[PDB]
Amino acid sequence: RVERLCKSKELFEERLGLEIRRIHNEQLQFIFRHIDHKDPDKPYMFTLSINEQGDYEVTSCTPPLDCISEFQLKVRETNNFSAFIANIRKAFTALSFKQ
Amino acid sequence: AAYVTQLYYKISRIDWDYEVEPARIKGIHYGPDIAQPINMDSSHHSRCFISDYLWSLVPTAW
Amino acid sequence: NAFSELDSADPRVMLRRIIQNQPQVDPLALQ
């Protein structure tokens, strides 16, 4: 019942390496792990709210991604939240190889 | 609890098989067109490959 | 199918369902 729900959450957390936290000021924090294969536990995170106009709004990104404002504009236009999340993860992967 | 797992479906389009040994990553990935089975042995792979592979199932086109 | 309703839901509704119904916890930091 409730056990099956907690089990489903843990399977997604572990297998996608993605945790979702409801934090202060009406925001959800998305935390990706398993990004840097040399440091699987290292998190890459952003936070999101739905703003007073009912729009997606990224309210912070740590570490920063230079494409996330472009992604915010695209998710607003397409409403494709799946692709928004997939593109942010791709962008953290890439960022992890920069320097 | 239900609302978060519902959003993980919205994001990944994956539905897990909850009646299998922990060592088996098994489920189905849904899409426009026909649904695709997943049945992997977690013991054969790193945590990061499992996550990168599962995420590669999710289309990045807007 | 069984996901019919989730497939057509607007993600903003789903995101708001989590935000309104789950209690707040600390954000994780890079630290």
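Per the PDB record, this model was obtained through X-ray crystallography at a reported resolution of 1.898 Å.

1. Regarding the side chain of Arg22(A)
For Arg22(A), the location among the structural elements is in strand β1 (residues 18-23). By relative accessible area, which is 13% here, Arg22(A) ends up buried. Within the local environment of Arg22(A), its side chain forms a polar contact with the backbone oxygen of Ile19(C), the two atoms lying 2.9 Å apart. Residues contacting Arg22(A), with those up to four places away along its chain left out, are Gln27(A), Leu28(A), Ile18(C), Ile19(C), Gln22(C), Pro23(C), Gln24(C) and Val25(C).

2. Points about the layout of surface pockets
Counted as a void, the largest pocket has a volume near 330 Å³. What lines the largest pocket is a set of 18 residues, and nearest its centre among them are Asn80(A), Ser82(A), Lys10(B), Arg13(B) and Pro32(B). Broken down by secondary-structure element, the contributors of at least two residues to the lining of the largest pocket are α3 (81-95) of chain A, β2 (24-31) of chain B together with α1 (4-8) of chain C. Grouping the amino acids of the lining of the largest pocket by side-chain chemistry returns 9 nonpolar, 6 polar and 3 charged. If you go around the second largest pocket, you meet 13 residues; those closest to its centre are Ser8(A), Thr5(B), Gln6(B), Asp15(B) and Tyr18(B). Every element with two or more residues in the lining of the second largest pocket is listed here: α1 (2-16) of chain A together with α1 (2-12) and β1 (14-16) of chain B.

3. Details of the sheet that holds strand β2 (residues 27-32) of chain A
Taken in spatial order, the 4 strands make up an open sheet running β1-β2-β3-β4 (chain A), and their pairing is antiparallel. One side of each edge strand has no neighbouring strand; the edge strands of this open sheet are β1 and β4 (56-62) of chain A. Neighbour-to-neighbour, the strand axes of the sheet open up by a mean angle of 25 degrees, direction not taken into account. Relative to strand β3 (residues 44-50) of chain A, β2(A) runs antiparallel, the two being bridged by 5 bridges. Note on β3(A): the bridge partner recorded for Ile31(A) is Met45(A). Across the face of the sheet, α1(B) comes into contact with β1 and β2 of chain A while running at roughly 130 degrees to β1(A).

Reading the values: rules and limits
- Residues numbered from 1 in each chain as written, not as in the entry; some residues may be left out.
- Chains lettered and ligands numbered in written order.
- Heavy atoms only, no water.
- Helix = DSSP H or I, 4+ residues; strand = E, 2+ residues; numbered from the N terminus.
- Buried < 20%, exposed > 50% of the residue type's maximum accessible area, 1.4 Å probe, protein only.
- Polar contact = N/O pair within 3.5 Å; in protein donor to acceptor, adjacent residues only side chain to side chain.
- Contact = heavy atoms within 4.5 Å.
- 1 Å grid on protein atoms, 1.4 Å probe; cavity = no way out; pocket = protein on both sides within 12 Å on 5 of 7 lines; lining within 4 Å.
- Points joined across faces, edges and corners; volume = space filled by probe spheres on them.
- Nonpolar A, V, L, I, M, F, W, Y, C, P; charged D, E, K, R; others polar.
- Pairing = 2+ DSSP bridges.
- Axes fitted to C-alpha atoms, helices over the stretch in contact; angles between N-to-C directions.

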